[PDB]
Amino acid sequence: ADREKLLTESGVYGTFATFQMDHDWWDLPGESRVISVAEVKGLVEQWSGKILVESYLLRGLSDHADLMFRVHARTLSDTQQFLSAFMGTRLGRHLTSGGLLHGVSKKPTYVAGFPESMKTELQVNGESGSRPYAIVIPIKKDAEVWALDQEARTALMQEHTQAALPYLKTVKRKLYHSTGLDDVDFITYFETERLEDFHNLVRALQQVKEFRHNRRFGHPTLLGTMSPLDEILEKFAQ
Amino acid sequence: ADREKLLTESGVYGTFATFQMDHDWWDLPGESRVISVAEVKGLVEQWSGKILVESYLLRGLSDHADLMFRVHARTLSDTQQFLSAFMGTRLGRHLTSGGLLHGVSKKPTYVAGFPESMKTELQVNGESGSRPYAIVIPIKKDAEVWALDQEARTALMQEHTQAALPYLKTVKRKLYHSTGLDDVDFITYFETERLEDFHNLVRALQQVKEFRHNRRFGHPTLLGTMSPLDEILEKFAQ
Amino acid sequence: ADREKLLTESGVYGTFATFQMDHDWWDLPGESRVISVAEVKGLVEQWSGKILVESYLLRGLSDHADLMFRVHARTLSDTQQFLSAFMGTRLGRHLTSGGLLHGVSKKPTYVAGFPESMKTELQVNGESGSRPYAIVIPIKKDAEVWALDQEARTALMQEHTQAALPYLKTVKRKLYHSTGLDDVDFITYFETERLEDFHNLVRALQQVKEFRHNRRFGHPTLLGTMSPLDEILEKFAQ
Amino acid sequence: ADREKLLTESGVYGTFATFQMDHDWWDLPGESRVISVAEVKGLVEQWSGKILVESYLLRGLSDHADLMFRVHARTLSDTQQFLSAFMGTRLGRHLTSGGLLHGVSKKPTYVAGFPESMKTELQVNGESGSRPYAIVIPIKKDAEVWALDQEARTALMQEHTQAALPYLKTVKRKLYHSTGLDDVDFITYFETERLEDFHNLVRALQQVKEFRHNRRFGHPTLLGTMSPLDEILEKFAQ
Amino acid sequence: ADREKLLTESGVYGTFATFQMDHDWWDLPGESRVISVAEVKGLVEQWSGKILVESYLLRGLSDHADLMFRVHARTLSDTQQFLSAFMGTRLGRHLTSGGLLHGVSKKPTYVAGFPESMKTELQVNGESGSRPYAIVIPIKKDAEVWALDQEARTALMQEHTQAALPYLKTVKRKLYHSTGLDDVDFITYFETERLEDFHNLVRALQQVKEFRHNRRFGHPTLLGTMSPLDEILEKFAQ
Ligand code: HEM
Ligand code: HEM
Ligand code: HEM
Ligand code: HEM
Ligand code: HEM
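Protein chains in written order, with the entry's author numbering: chain A, 1 to 238; chain C, 1 to 238; chain E, 1 to 238; chain D, 1 to 238; chain B, 1 to 238.
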């Protein structure tokens, strides 16, 4: 019900937590593991009131990463308590943190200066799909960029948006403002059913001016499949 | 009593030590951990005469980090003695050092050359708050910066303060001069109850001239919650 | 049967998975290992319907890497499901992931602008050989490159083809377009029976203009021997 | 007999493999160590037909390295099989691979354009010595260098050779061409009885123009003592 | 007796060895540990003819480092044997190698071209003190520096010496020429009783031209306390 309430509002913190599994985890009986999976499910259900948790399977698509959480919360204190509780489960005890990124969702600052045709088209964001591919790309801008004026940056983002137009429906997008909460300026997140499309999207965006100013682009580039927490957890219990 | 002499005086060394918990710590009985946690509590109280020790929960906010200490001492040999004992406890035996940074506090070198109105406001530094967020950011400047004359750097630093003024109350700050004691020139430390404020603070500072001259900014950016040592250790002993 | 249709078609995903073996793997009886190798072979034929899996021996030629897979699939979900199961085997359980790269094969975009003499020559691609050396070289182009026009980029690739012509026969080649699926823009793959030929090819390509615009070239440079799954597995069961 | 044929011919592959000893090696009885040592001692004798293996003591001179092999072979498949067999022994089982580099020996490409005086002096290469120091320095040249024409590059190498002339006898030298076989362009190898001579040589070579064009110089720089395999392993069985 | 001859003479090698203590060292009875302490003491006493061994406590001041040796020898092979022998002791069995650097002492090469006041002032080097702080800073110069002539570098080094004059007495200094023996050109070593003094020294040196030409400055900067081997080991025999 309130899953759409956090996924759209401004001032909401999004956290991306990556985890890897110790090898001696498979040296455990399938029954100890089945119990450990139930513990995790109960915990997220317990937190289903304060925070929203979506889970992704990174195992086999991203190196040194088996699982990712995307946590939405009004305060990172909530995220901290939940993540700390998660790593405390018997499943969590066997997990190695492989990355942690935070960012807050905001209302667009440049869209207001775009052509109205571009504004209205931007009201489209992805399309209905089951178990889509998900990509997360952390971004650090070089310092020279922040010297530019509001008009110039508005221009760069329109050039940016213009190249991305063909993918409004076929590629869902989300942006998190991350500067000061970690070592990057932005966290970018995308959903898609066709990876060949997303590839062309990033390839198209490489042709604009804005792209020349990335100190960090990827590193890591997280690639996974969006899946119910149930299905992912099952894969760890055989 | 003298807890405030260390947090405010000049010539006081601040050391930041971050720790990650080994997985085989969870292979220990809750009985041994409660005993091991008791060991650490006594040690800091034992050292409660010469140095000040503050603990932070980094687990769930920073990757590869569960705990951080901020230790203040008049001589770094004392800090050395304390940490060496801490890492010797059974809790310490299972901890992986994730970084160790030192810096000394000083009297401002540029503030004297600021406008007097700006001087007086700088006398404001944070506000009363309970269990605040804490951010630690190591900073390395590129070499050309040190070539500039004192007047130019005063100008850079004034532009720096000018952008930071709106956050004097909502963001407490402290600076440690670290060059020669490790691989960074400064350690920056901040407390806040509002991360979105601290975020906006760094965004404002990214727009000034001095910012263009950072060889290293972050790496790591430490984010945690300030908490009594008791509560932190508690979380690891169940 | 249809294995060359994937190795040649466009819209086919190529994934490169590298593995190192844990030391505690050899503390197992030679009897258990053979059983575990048995576990792996059944899996590849079980997936031999949905995906193509080729295996390479990297042990002794590449540092910190013992095994590599080259998986071709219609969808990366298939690769993920296979790989997630593979690392789940009792053999995989003792394997440390050393890298994962994805890329899609496409029809040439620049060749159409080549001389007819050069185009026809390009239809030659490697030659018949047994258990050839294999090389994988990930590539990231710098951002300034993507600003150039189609004509300029066409010229650079013609000059590129021109220098590589002598190796059409002695060096099999394949290119994967990877941008957005990981931290590189291209994955290049080669088969050859004479490493000094492939060497002369790469020193020759270093002489061209296009070569100066590689932010990342190698890292890692993967060198291994192409072998049936049967022969490689032998080496971990001794 | 053919011991000098491999160390002098062109078309010979030189591979450098460094190893470190695990701590759990000492948790074995002194007889278990002697059995593992005899196994390795025996294994090299077995490969003494196809390839030449020279052993170096890096323990105490290079960090995270106790042993280095220098293997010469007409084909790298032999080297792979040998190293893969070595890493399989119970001694090797306790070993951590610390680096692996390949390169081919060639006949000089620039010397032909040198003064007859330089050619004749270059016929000097080292001197008679027992258990000499050995240094390995991997080199990556930057892309601009390969853009240069053959005449200009010949001049750079002459200026290069000229500074090196005083050390022809007291420092043995060998060059391996490595491009495409790994992430570096050259592998350099040296023997000497007086390290301060070799030091002065490297300082002397730092003064020429060509030196400014190394993207990578060292990393790692390997320092060890040339010693029979016999004495090296002996040191591990007490 | 000759302890002062080695610490001052030219042609003497200084080696810096870092060690970290294994966790399983504390799982031994305090009595078993004491024998190892006598074992090492006996070992150093045995080498007291050929080499000088000084010990430092890095634990609690340097990250990933508990102990450091500074070994002086007329030949580097002897250092190899002692270190190779030392890491073999039951103390050595529990020690983890953490870094290794070598360098040779020389007669000053630039000082002769200084003003005589600067020459005479330079004969001051530290002061009598017990258990001083010690700092080690590895240095790699960028290639352009070595292109400069003897006169120009003399000018650079004078400017360097000039900024350092205030610290002649309060900071002892020593310089090792390291090129070719590892990945750095120089190893710098300092003793001081006042770290804030050494800090001000490095801040002062950052302002001269020479500082801008460091490819590598620090990484790591080692910080520890000079202490007798006996007292340090006792701390490990508790
Ligand atoms: C796929 C469809 C996309 C659309 C329609 C789109 C459009 C936009 C728009 C309108 C903004 C302005 C935000 C604002 O005004 O507050 C923006 C910002 C941004 N986008 Fe995209 N974008 C797309 C894809 C991407 C991709 C693939 C990336 C990176 C891989 C990306 C990275 C960014 C970044 C870093 C910003 C913030 C730039 C800044 O504040 O300087 N976007 N995008
Ligand atoms: C309310 C927030 C802040 C205020 C009011 C403030 C103000 C100042 C002032 C007045 C100085 C000069 C001190 C002197 O003259 O010795 C200074 C120094 C410095 N500040 Fe801040 N600052 C704030 C936050 C930050 C933040 C968030 C960072 C980095 C993330 C930062 C980085 C630095 C550094 C590295 C120096 C020393 C630079 C040098 O000495 O060359 N400051 N700050
Ligand atoms: C006999 C050997 C080779 C031949 C004949 C050859 C030829 C070609 C041709 C015809 C293309 C056209 C691509 C297109 O039209 O879309 C191409 C693209 C490309 N090749 Fe090669 N190549 C060879 C080896 C290599 C090697 C060794 C590398 C790198 C180590 C490499 C890197 C690339 C890259 C990155 C592209 C695409 C770059 C871009 O689209 O901007 N090639 N090559
Ligand atoms: C007595 C000492 C030395 C002598 C006599 C010497 C001489 C030479 C000669 C004659 C060549 C020409 C090779 C050719 O024409 O194919 C050469 C190339 C080369 N040397 Fe040395 N050298 C010495 C020391 C060193 C050292 C210490 C290094 C590095 C640490 C080094 C690195 C190289 C490299 C990388 C090349 C090939 C570069 C290229 O082909 O672009 N040399 N040297
Ligand atoms: C009181 C303290 C210091 C004094 C009096 C001093 C003075 C000098 C002098 C006179 C030289 C000339 C050596 C020669 O002629 O061969 C020298 C060399 C050098 N110094 Fe210092 N220095 C001090 C501290 C430092 C520090 C703290 C560093 C780095 C952290 C440093 C880095 C170097 C390096 C790398 C060289 C060798 C450069 C070369 O040979 O080209 N010095 N120093």
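From the three backbone atoms N, C-alpha and C, an ideal C-beta is built for every residue, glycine too.
| Closer than 8 Å to chain B by CB, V104/C | As a working note, residue 104/C is residue 104 in the second sequence. At least one chain B Cβ lies under 8 Å of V104/C.
| task | Look up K209/C in the DSSP assignment and say whether it is helix, strand or coil. | result | Within the second sequence, residue 209/C is the residue found at index 209, counting from 1. Residue state, collapsed to three classes: coil.
| request: For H219/B, go through chain D and note every residue whose CB falls closer than 7 Å to its CB, in chain order. | output: On the fifth sequence, position 219 is the one that residue 219/B refers to. Going along chain D, no residue has its Cβ under 7 Å from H219/B, so there is no contact; the nearest lies around 12 Å.
| task | Could you pull out every unbroken alpha helix (DSSP H) segment of at least 4 residues lying fully inside the stretch 145–219 of chain A, listed in chain order? | result | 150–164 and 195–205
| field | Three-way DSSP call (helix, strand, coil) for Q238/C in this model | value | Residue 238/C sits at position 238 when you count from the first residue of the second sequence. Reduced to three states, the DSSP call for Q238/C is coil.
| request: Would you mind telling me which residues of chain E sit closer than 8 Å to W26/A, beta carbon to beta carbon, in chain order? | output: Residue numbering aside, residue 26/A sits at position 26 when the first sequence is read from its first letter. Result: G88, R90 and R93.
| query | Using DSSP with H/G/I as helix, E/B as strand and the rest coil, what is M68/D? | reply | Stepping through the fourth sequence from its first residue, residue 68/D is reached at position 68. Residue state, collapsed to three classes: strand.
| field | Extent of the continuous alpha helix (DSSP H) to which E4/A belongs | value | Translated into the one-based positions of the first sequence, residue 4/A becomes position 4. Its alpha helix (DSSP H) spans residues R3 to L6.
| message | Any heavy atom of ligand 1 inside 7 Å of the beta-carbon of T161/D? | response | Residue 161/D sits at position 161 when you count from the first residue of the fourth sequence. False, no ligand heavy atom lies under 7 Å from that Cβ.
| task | Using alpha carbons as the reference points, say which of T15/D, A85/D and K41/D lies closest to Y176/D. | result | Within the fourth sequence, the letter at position 176 stands for residue 176/D. Per the Cα distances, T15/D.
| task | Tell me, please, whether the CB atom of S97/E is closer than 8 Å to any CB atom in chain A? | result | Position 97 of the third sequence, counted from the first residue, corresponds to residue 97/E. Yes - at least one Cβ of chain A is within 8 Å of the one on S97/E.
| task | Under the assumption that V104/B contacts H199/D (Cβ atoms under 8 Å), give the Cβ distance between them as a whole number of angstroms. | result | Numbered from its first residue, the fifth sequence carries residue 104/B at position 104. Numbered from its first residue, the fourth sequence carries residue 199/D at position 199. So it is a contact: roughly 7 Å between Cβ atoms.
| message | DSSP has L101/B in a bridge; who is on the other side? | response | Within the fifth sequence, numbered from 1, the residue matching residue 101/B stands at position 101. According to DSSP, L101/B bridges with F16/B.
| field | Beta-carbon contacts of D230/C that lie in its chain and below 8 Å, excluding the five residues immediately before and after | value | Here residue 230/C refers to the residue found at position 230 when the second sequence is read from its first residue. Excluding positions up to five away in sequence, the list reads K41.
| query | Between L52/C and the rest of its own chain, which residues show a CB-CB distance below 8 Å, the 5 nearest in sequence each way excluded? | reply | Against the second sequence, residue 52/C aligns to sequence position 52. Excluding sequence neighbours, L52/C sits near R3, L6, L7, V71, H72 and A73.
| request: Find out if the Cβ-Cβ distance for the pair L43/C, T89/C is shorter than 8 Å. | output: For the purposes of this step, residue 43/C is taken as the residue at position 43 of the second sequence. For the purposes of this step, residue 89/C is taken as the residue at position 89 of the second sequence. Cβ distance < 8 Å, so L43/C and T89/C count as in contact.
| field | Interface partners of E31/A on chain E, CB under 8 Å | value | Taking the first sequence and counting its residues from 1, one reaches residue 31/A at position 31. By Cβ distance, chain E contributes nothing, its closest Cβ being about 17 Å from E31/A, past 8 Å.
| request: State the CB to CB distance for the pair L222/E and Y133/E, rounded to an integer number of angstroms; the pair is presumed to be in contact (CB under 8 Å). | output: Translated into positions along the third sequence, residue 222/E becomes position 222. Translated into positions along the third sequence, residue 133/E becomes position 133. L222/E to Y133/E, Cβ: 11 Å. No contact.
| field | Three-state class that DSSP yields for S117/D in the structure shown | value | As a position in the fourth sequence, residue 117/D is number 117, starting the count at 1. In the structure shown, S117/D sits in a helix (DSSP, three-state: H, G or I).
| field | Per-residue DSSP class, three states only, for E54/D | value | Indexing the fourth sequence from 1 puts residue 54/D at position 54. Note: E54/D maps to strand in three-state DSSP.
| What residues in the stretch 60–90 of chain A bring their beta carbon closer than 7 Å to a beta carbon of chain E? | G60, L61, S62, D63 and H64
| Residues of the stretch 179–204 of chain D whose Cβ lies closer than 7 Å to any Cβ of chain E, in chain order | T179, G180, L181, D182 and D183
| said: Output needed for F19/B: all residues of its chain with C-beta closer than 8 Å, excluding positions within five of it in sequence on either side, in chain order. | reply: If you number the fifth sequence from 1, residue 19/B lands on position 19. Excluding positions up to five away in sequence, the list reads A65, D66, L67, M68, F69, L95, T96, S97 and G98.
| Just to confirm, does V111/C get its C-beta within under 7 Å of one of the non-hydrogen atoms of ligand 2? | The count along the second sequence starts at 1 and reaches residue 111/C at position 111. Within the cutoff, so yes.
| said: Going by DSSP in three states, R59/E sits in which element: helix, strand or coil? | reply: Sequence index remark: in the third sequence, residue 59/E carries index 59 (1-based). Here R59/E sits in strand by DSSP.
| said: Could you check if residue 270/B belongs to the surroundings of ligand 5, using beta carbon to heavy atom distance under 7 Å? | reply: Not covered by the structure: residue 270/B. The range shown for chain B is 1 to 238.
| query | In three-state terms, what does DSSP make of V136/D? | reply | Along the fourth sequence, read from residue 1 onward, the residue named residue 136/D stands at position 136. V136/D: strand per DSSP, three-state reduction.
| Heavy atom of ligand 5 less than 7 Å from the Cβ of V184/B, yes or no? | The sequence position of residue 184/B within the fifth sequence is 184, counting from 1. No, Cβ of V184/B sits at least 7 Å from all heavy atoms of ligand 5.
| said: Less than 8 Å between the C-beta atoms of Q207/A and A147/E, yes or no? | reply: Residue mapping note: residue 207/A aligns to position 207 of the first sequence, counting from 1. Residue mapping note: residue 147/E aligns to position 147 of the third sequence, counting from 1. Their beta carbons are under 8 Å apart, which means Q207/A touches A147/E by this criterion.
| said: With the cut-off set at 8 Å, would you say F190/B and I135/B are in Cβ contact? | reply: Indexing the fifth sequence from 1 puts residue 190/B at position 190. Indexing the fifth sequence from 1 puts residue 135/B at position 135. Yes; because the gap between Cβ atoms is below 8 Å, this pair is in contact.
| Are any of the Cβ atoms in chain B nearer than 8 Å to that of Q150/D? | To locate residue 150/D, count along the fourth sequence from 1; it is residue 150. So no, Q150/D is outside the interface.
| message | Does chain C have any CB closer than 8 Å to the CB of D230/A? | response | On the first sequence, position 230 is the one that residue 230/A refers to. By this cut-off, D230/A is not an interface position.
| field | Opening and closing residue of the beta strand (DSSP E) in which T225/B lies | value | Taking the first residue of the fifth sequence as position 1, residue 225/B is located at position 225. Counting along the chain, the beta strand (DSSP E) containing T225/B begins and ends at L222 to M226.
| message | Considering only heavy atoms of ligand 6, does any lie closer than 7 Å to the CB of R173/A? | response | Absence of ligand 6 from the depicted structure is noted, with ligand 1, ligand 2, ligand 3, ligand 4 and ligand 5 being the only ligands included.
| task | Below 8 Å CB to CB, which residues in the same chain sit around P228/C once its five sequence neighbours on both sides are set aside? | result | To locate residue 228/C, count along the second sequence from 1; it is residue 228. Cβ within range, chain order: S55.
| message | Less than 7 Å separating the Cβ of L148/A from some heavy atom of ligand 1? | response | Counted from its first residue, the first sequence places residue 148/A at position 148. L148/A: no, Cβ never under 7 Å from ligand 1.
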